[PDB]
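Asks: Take a look at the following structure, please.
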2 protein chains.
Amino acid sequence: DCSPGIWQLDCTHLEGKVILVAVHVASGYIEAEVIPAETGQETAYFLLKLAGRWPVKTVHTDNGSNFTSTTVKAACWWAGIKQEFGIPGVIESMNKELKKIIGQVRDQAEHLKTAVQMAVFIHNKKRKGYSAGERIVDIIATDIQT
Amino acid sequence: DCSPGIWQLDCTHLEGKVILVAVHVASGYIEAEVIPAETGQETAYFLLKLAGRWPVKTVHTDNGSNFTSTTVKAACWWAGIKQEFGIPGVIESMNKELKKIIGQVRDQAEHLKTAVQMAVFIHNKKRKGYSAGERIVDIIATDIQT
Ligand SMILES: Cc1nc2ccccc2c(-c2ccc3c4c(ccnc24)CCO3)c1[C@H](OC(C)(C)C)C(=O)O
Ligand SMILES: Cc1nc2ccccc2c(-c2ccc3c4c(ccnc24)CCO3)c1[C@H](OC(C)(C)C)C(=O)O
């Protein structure tokens, strides 16, 4: 999607832990956190953080049941977020890409969470020809003036 | 400072917990996390996250001993961050402002960390006449083209 307020949120499992990954659909920019286990409360907390940093309008997921909890609904209500009911998705390979980079760097760090943030850094800085990190700020900045 | 790669990191204490606050000096934009206690490892981890998201060149603090740990030095080395040896600071009132907003919203949430992220959201979205959230993306976007 071209729309700059659209994010996708999904969890992946690795080493008995959970990685919550948010992808800015228009740019391919990622933010991630390692959490103990998938819970509504953790998703809610993550969304509050994301919304305070970026202009989040709509969120999508590959697992709709992710957003059924009261806590998630509360966070979306307060921050003014809707569920995205478009996207009938390059975000699959985006997540597998991340899991690849994590694999490449994993032995360099003790903790998974360290490897994850290393992988997010690599992903967001990598040039394509701008990086995801540059594309997100450009898209959002532009949209402010539009 | 006008320089867009400059951040200030400090911890504040509230309810027996620690709030790590990063301020983008040029814009006044904030990111924050609640941690159990001040440790080098938590500061290091926080820096890795910050660096993966923004083009962080130099970091300053009001407590220099914050950055003596091996873990912090490792994170700064890997992410290519230097200590800022300028700034001989509106960032004091910036932190007290945040603690004020937290006070205003605190009773609305069970957890301190929820109130903190609520306060970060409010701070970053508030118009001055742009918000901190808009100023950071503008400053960074502009600097990409310069
Ligand atoms: C524990 C809880 N339990 C809950 C139980 C039911 C519904 C919401 C929560 C909420 C809640 C969720 C999202 C919000 C809230 C806000 C104010 C108060 N509570 C919440 C504004 C920002 O978004 C919460 C909050 O905790 C988490 C964010 C970790 C889930 C809270 O600290 O009150
Ligand atoms: C536990 C530790 N213990 C340490 C002890 C001494 C020095 C560094 C650490 C480091 C370390 C710190 C920063 C880094 C690292 C990198 C690779 C490997 N280790 C680290 C690249 C990114 O920045 C770390 C890392 O853990 C924290 C980030 C929670 C401190 C790690 O998981 O290896």
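How things are named: the first chain in the structure tokens is A, the next is B, and so on; residues count from 1 in each chain; ligands count from 1 in the order shown.
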Per residue of chain A within 6 Å of chain B, record the nearest atom pair and its distance in Å to one decimal, counting only C-alpha atoms, with rows in chain order and ascending residue number, as CSV.

Replies:
```
residue,atom,partner,partner_atom,distance
A:49,CA,B:117,CA,5.8
A:52,CA,B:121,CA,3.8
A:117,CA,B:49,CA,5.8
A:121,CA,B:52,CA,3.8
A:137,CA,B:137,CA,5.1
A:138,CA,B:141,CA,5.2
A:141,CA,B:138,CA,5.2
```

Asks: Which residues of chain B come within 6 Å of ligand 1, and for each one, what is the closest pair of atoms and their distance in Å to one decimal, counting only C-alpha atoms and all ligand atoms, sorted by chain and residue number, as CSV?

Replies:
```
residue,atom,partner,partner_atom_place_in_ligand_line,distance
B:108,CA,ligand 1,18 (C),5.3
B:109,CA,ligand 1,33 (O),3.7
B:110,CA,ligand 1,33 (O),3.8
B:111,CA,ligand 1,32 (O),3.7
B:114,CA,ligand 1,32 (O),4.6
```

Asks: Among chain A, which residues does DSSP mark as strand (DSSP E or B) when it is run on the backbone? Keep the chain and numbering as in the structure and answer as a PyMOL selection string.

Replies: chain A and resi 6-14+17-24+29-35+58-60+82-83+127+131

Asks: From the set A:62, A:143, A:107, A:1, which residue has the shortest atom-to-atom contact distance to ligand 2, counting only C-alpha atoms and all ligand atoms?

Replies: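 Going through A:62, A:143, A:107, A:1 one by one, the smallest distance to ligand 2 is for A:107.
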
Asks: Would you work out the distance separating atom CA of residue 20 of chain B from atom 11 (C, counted along the ligand's line) of ligand 2, expressed in Å to one decimal?

Replies: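 Straight-line distance from atom CA of residue 20 of chain B to atom 11 (C, counted along the ligand's line) of ligand 2 works out to 18.2 Å.
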
Asks: Which is closest to ligand 2 among B:76, B:25, B:91, B:105, if we use only C-alpha atoms and all ligand atoms?

Replies: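 Looking only at the distances to ligand 2, the closest residue turns out to be B:76.
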
Asks: Would you please extract all alpha helix (DSSP H) residues from segment 25-125 of chain A, as assigned by DSSP on the backbone, and give them as a PyMOL selection string?

Replies: chain A and resi 40-53+70-79+91-105+112-125

Asks: Limited to C-alpha atoms, could you put the picked residues into a file as an mmCIF file, in the first residue's frame?

Replies:
```
data_model
loop_
_atom_site.group_PDB
_atom_site.id
_atom_site.type_symbol
_atom_site.label_atom_id
_atom_site.label_comp_id
_atom_site.auth_asym_id
_atom_site.auth_seq_id
_atom_site.Cartn_x
_atom_site.Cartn_y
_atom_site.Cartn_z
ATOM 1 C CA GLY A 40 -3.204 -9.209 24.329
ATOM 2 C CA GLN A 41 -1.512 -7.044 26.971
ATOM 3 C CA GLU A 42 1.883 -7.181 25.247
ATOM 4 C CA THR A 43 0.339 -6.422 21.848
ATOM 5 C CA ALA A 44 -1.564 -3.505 23.409
ATOM 6 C CA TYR A 45 1.559 -2.118 25.071
ATOM 7 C CA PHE A 46 3.513 -2.486 21.821
ATOM 8 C CA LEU A 47 0.821 -0.587 19.892
ATOM 9 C CA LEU A 48 0.843 2.294 22.396
ATOM 10 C CA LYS A 49 4.595 2.632 21.894
ATOM 11 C CA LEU A 50 4.335 2.476 18.095
ATOM 12 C CA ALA A 51 1.492 5.028 17.986
ATOM 13 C CA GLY A 52 3.433 7.526 20.126
ATOM 14 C CA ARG A 53 6.294 7.470 17.618
ATOM 15 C CA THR A 70 -10.068 -5.902 25.414
ATOM 16 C CA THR A 71 -6.568 -4.531 26.046
ATOM 17 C CA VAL A 72 -5.775 -4.312 22.310
ATOM 18 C CA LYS A 73 -9.134 -2.660 21.618
ATOM 19 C CA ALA A 74 -8.473 -0.200 24.461
ATOM 20 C CA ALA A 75 -5.064 0.735 23.027
ATOM 21 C CA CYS A 76 -6.482 1.173 19.521
ATOM 22 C CA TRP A 77 -9.388 3.236 20.868
ATOM 23 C CA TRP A 78 -7.156 5.553 22.895
ATOM 24 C CA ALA A 79 -4.530 6.029 20.173
ATOM 25 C CA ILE A 91 5.161 -8.569 4.250
ATOM 26 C CA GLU A 92 5.592 -12.358 4.342
ATOM 27 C CA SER A 93 9.087 -12.296 2.822
ATOM 28 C CA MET A 94 9.720 -9.194 4.964
ATOM 29 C CA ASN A 95 9.283 -11.348 8.080
ATOM 30 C CA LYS A 96 11.280 -14.264 6.614
ATOM 31 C CA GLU A 97 14.013 -11.836 5.532
ATOM 32 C CA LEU A 98 14.207 -10.674 9.158
ATOM 33 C CA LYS A 99 14.393 -14.276 10.401
ATOM 34 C CA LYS A 100 17.205 -14.844 7.872
ATOM 35 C CA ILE A 101 19.221 -11.847 9.099
ATOM 36 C CA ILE A 102 18.637 -12.983 12.697
ATOM 37 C CA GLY A 103 20.048 -16.404 11.732
ATOM 38 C CA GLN A 104 23.119 -14.740 10.203
ATOM 39 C CA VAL A 105 23.929 -12.701 13.341
ATOM 40 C CA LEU A 112 18.036 -13.486 21.097
ATOM 41 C CA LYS A 113 16.719 -9.966 21.741
ATOM 42 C CA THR A 114 20.168 -8.551 20.976
ATOM 43 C CA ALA A 115 20.308 -10.470 17.678
ATOM 44 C CA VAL A 116 16.800 -9.239 16.812
ATOM 45 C CA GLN A 117 17.677 -5.558 17.274
ATOM 46 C CA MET A 118 20.909 -6.140 15.351
ATOM 47 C CA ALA A 119 18.749 -7.620 12.565
ATOM 48 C CA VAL A 120 16.270 -4.720 12.640
ATOM 49 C CA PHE A 121 19.180 -2.273 12.389
ATOM 50 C CA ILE A 122 20.692 -4.106 9.403
ATOM 51 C CA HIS A 123 17.312 -4.352 7.670
ATOM 52 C CA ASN A 124 16.376 -0.681 8.147
ATOM 53 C CA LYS A 125 19.784 0.688 7.071
#
```

Asks: Counting only C-alpha atoms, what is within 10 Å of residue 63 of chain A, bar same-chain residues fewer than 4 positions away, as a list in words?

Replies: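 Residues near the query, excluding close chain neighbours: residues 9, 10, 11 and 67 of chain A.
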
Asks: Between atom 1 (C, counted along the ligand's line) of ligand 2 and atom CA of residue 80 of chain B, measure the distance and give it in Å to one decimal.

Replies: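 It comes out at 18.6 Å.
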
Asks: Would you pick out the contacts of residue 86 of chain A at 10 Å or less, using only C-alpha atoms, so that residues sharing its chain but fewer than 3 positions from it are not included, and give the list as an MDAnalysis selection string?

Replies: chainID A and resid 1 6 58 60 83
